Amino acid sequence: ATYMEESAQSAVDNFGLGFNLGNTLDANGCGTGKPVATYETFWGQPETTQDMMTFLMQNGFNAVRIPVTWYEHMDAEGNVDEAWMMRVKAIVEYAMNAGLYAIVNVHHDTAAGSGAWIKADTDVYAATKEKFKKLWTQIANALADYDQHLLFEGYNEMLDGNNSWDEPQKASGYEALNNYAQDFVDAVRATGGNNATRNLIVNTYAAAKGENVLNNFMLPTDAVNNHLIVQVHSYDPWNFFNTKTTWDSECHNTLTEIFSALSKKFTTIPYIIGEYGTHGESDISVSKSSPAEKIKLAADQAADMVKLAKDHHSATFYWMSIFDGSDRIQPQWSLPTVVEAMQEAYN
């Protein structure tokens, strides 16, 4: 056996520059029973290829987050379609083959979209906890043989039944989320093998980081040590892409405060910025057709995010924009100057 156990902090330190393969295996809404490719391409992304993962590794990235949405691939008894599990496995292998770290999660099974069923709510938790544990048991077993470069992330963006994006409206919501987190760690660990010591990722409420969300977050208990990572997301300052001209002191101060708050909260365990980007109101975001000034804005955000995370022994994963759509097939960067700013900041 070639597995080599690695601490959570070591993993996060080795992630380097990360990228989210977004709107891909997380895409959903076309209905059940469709060909696997129908899902993968439903939101405008090409079918993933080995070349894409190789391209990431060979151009200064060492980690990829692979969001997966599962509900359209589960039958009435919660069993995952074999064709779907094999495709998730195949894309994981692309990443493993390229020498990348990879994260597999449970994505639009949470939050505000139709089909979401995992929610920070007492009644929802009660009704879904068995399905959630069975889902993760299947994922853990399916991906059991991959080594320490593969991490599991329990859930993406858990909200209450009100879809409240800052905090649950009722405190009991936190207890539901914390229970899901524990069940996730428990189900994964119970499958044994590499999963006994695999590094696992748990997300805050809404992947947010306001003072109450951080205070009410509690890390699941884990029998092995230093194998848990906490994740938040950061599209900060909120809506800056539509309101700011330049990445100025206000922007920089916003990020530096965020990392200070995160490092103060999480002292013995590493945390990551699992998603970041320009995405703001109405999910408006940068593209190669954006004005040069707006592209520079994106570059400056990314450079700061990357540097600050390095300073704070964290790590970051870009949400989509830098490597998107038809550019994935070439393969080439969508936003070469943004990537260049990230590379310079990290190195």
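Throughout, we count residues from 1 along the sequence that is shown.
A.B. asks: Quick one: higher average CA temperature factor, 160-168 or 203-211?
C.D. replies: On average, C-alpha B-factors are higher across 160-168.
A.B. asks: Return whichever of 242-250 and 130-138 has the greater mean Cα B factor according to the PDB record.
C.D. replies: Result: 242-250.
A.B. asks: Could you tell me which one of 234, 105, 231, 221 shows the highest CA temperature factor in the PDB record?
C.D. replies: Top of the list by C-alpha B-factor: 221.
A.B. asks: Return the residue from 272, 150, 118, 98 that has the highest Cα B-factor in the entry.
C.D. replies: Of the options given, 98 has the highest CA B-factor in the PDB entry.
A.B. asks: Residue 37's Cα B-factor: lowest, middle or highest third of the chain?
C.D. replies: According to the entry, residue 37 has a C-alpha B-factor in the chain's middle third.
A.B. asks: Comparing residue 145 with the other modelled residues of its chain, is its CA B-factor in the lowest, middle or highest third?
C.D. replies: According to the entry, residue 145 has a C-alpha B-factor in the chain's middle third.
A.B. asks: If you rank every modelled residue in this chain by C-alpha B factor, which third holds residue 292: lowest, middle or highest?
C.D. replies: CA B-factor rank for residue 292: highest third.
A.B. asks: Rank-wise, by C-alpha B-factor, drop residue 9 into the lowest, middle or highest third of its chain.
C.D. replies: According to the entry, residue 9 has a C-alpha B-factor in the chain's middle third.
A.B. asks: Per the entry's values, where does residue 1 land by CA temperature factor relative to the rest of its chain, in the lowest, middle or highest third?
C.D. replies: Tercile = highest for this residue's CA B-factor.
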